[PDB]
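What follows is a single chain, given as structure tokens, in the form deposited in one PDB entry.
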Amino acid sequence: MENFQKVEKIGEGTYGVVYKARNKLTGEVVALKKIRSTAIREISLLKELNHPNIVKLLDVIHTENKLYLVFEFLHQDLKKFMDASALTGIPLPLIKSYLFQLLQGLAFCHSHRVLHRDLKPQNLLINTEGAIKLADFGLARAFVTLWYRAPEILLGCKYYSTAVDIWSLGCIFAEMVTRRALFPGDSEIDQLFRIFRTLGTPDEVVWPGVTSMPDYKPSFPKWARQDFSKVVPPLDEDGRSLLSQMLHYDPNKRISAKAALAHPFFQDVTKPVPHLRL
């Protein structure tokens, strides 16, 4: 760890503690993640997966049989920006710019067959320039909150797809708009049933094969779907339309990131600058 001076703790990651640190040789300030052969080779692929909307993996230090991941440092995450913007809410043009950029990031990773698997506001990092970036991408395959988990994961599907990231991002889109988490479950069954209460209990009509999933139960209660107009007011019809497609039950029907980028919601997309106090 010789060339890094720890400045402060900035996160208790899923995979260990994250520090702000300075590279004693480059002068660069970085986020240093202390992780705690296949994982080695996986991580190595991620070092090549470079995109403006993906937090850059600067370096991977395997030493003393230990693993440190050196990332690009950003000063703020979406959860904290949302908490700070709660009285007024994030302006819609910024919501739309953030959603657009995240879909670009996703489209990139997905075309390389890399999934995130654990998108959440805490791992979406923002800068003063109006950029937003996906952090911790691909780490889950290389090696707490249920709120953003796709229903096929909850129902015990082991071979899930890139569609899981689209589901998570839909949940985040909803939360930016309403300033409340869409599905704040506190256990797997509470999470599932929150989803069902809003989108309707799924069946063979809307999701062929659902009743054959590993944790599906014929005893699940049967709730009717709510209208989105009740779910994410005052989002306009383009936004609600896009959100509905990101939240399709069947992962095969769920919109892809590339198709989402062509959606009419993005016709008037721009790139505003947020007001960040650092």
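The first residue of the sequence shown is number 1, and the count goes up from there. In this text, the rigid core denotes the largest set of C-alpha atoms whose superposition between the two forms falls within 1.5 Å.
What comes next is about the form deposited in another entry, which is not displayed.
Of the candidates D238, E28, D250, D215, the Cα that moves 2 angstroms or more after core superposition between the shown form and the other one belongs to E28 alone. Relative to the superposed core, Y19 undergoes a Cα shift of 2 Å or more between the shown form and the other one. Relative to the superposed core, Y68 undergoes a Cα shift of 2 Å or more between the shown form and the other one. A movement of the C-alpha atom of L58 reaching 2 angstroms or beyond is seen between the shown form and the other one when the two forms are aligned on their rigid core. Relative to this form, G138 and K253 separate from one another in that other deposited form, with their C-alpha atoms ending up at least 3 Å farther apart. In that other deposited form, the Cα-Cα separation between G138 and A257 grows by 3 Å or more relative to the displayed conformation.
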